[PDB]
């Protein structure tokens, strides 16, 4: 199970610093170049850097102006990215990836990025962390109900229903930024009309940045 797991992404202020980690498992870590790729919100993929098996060759995208440093600890099977003097344009999901083959030489990059991690979100902003307020959307045919997850920052929030047992018909809409500088979204689910009042429905909201977990009961009025 070749597994790459990023960690360290979080809210950070402009001009600050942040260290990302990438734990590898399921293969000989010392045999492969490792890659860092990022994806800013609403944009495509942007290569950031790669490092050779022994850490001798460290290359970066020029646009970073040397603000990042890629390092590696083969003993701990861990890859790192030290991000300094952070800027708003650094906000993005950062992926680490393994390269199946090393460089052929003469500046050529490593090839075949066969495994990518889940990614870790970095948010460069001066605004403060704020947890969400969860409100119910109270509702034979089909009925609809949901939860309003309002006024939180930064992204993301995860929303489940009945602790994950209720997934059919669920739609958790992408968050929208309001003039307040906060995000809000709704999570809805369609259920049998005859189930209202008999089968209880609960939305479990998790906002990791604020360490907030809220379970809200959605009962009919």
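Numbering follows the first chain given and starts at 1.
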Residues of the deposited sequence left unbuilt between residue 140 and residue 139: 4 to 9
task: For the higher mean C-alpha B factor in the entry, choose 76-84 or 119-127.
output: 76-84
- request: Look over 23-31 and 45-53 in the entry and identify the one with the greater average Cα temperature factor.
  value: 23-31
query: Quick one: which of 93, 97, 112, 144 has the biggest Cα B-factor according to the entry?
result: 144
query: At the C-alpha atoms, which of 182, 175, 166, 191 reaches the highest B-factor in this entry?
result: 166
field: Third assignment of residue 148 from its chain's C-alpha B-factors
entry: middle
message: Please place residue 134 in the lowest, middle or highest third of its chain according to the CA B-factor in the PDB entry.
response: lowest
- prompt: Looking at the C-alpha B-factor of residue 11, is it in the lowest, middle or highest third of its chain?
  reply: middle
query: residue 171: which third of its chain by C-alpha temperature factor?
result: middle
- request: Determine, from the deposited record, the chain-internal third of the Cα B-factor for residue 18: lowest, middle or highest.
  value: middle
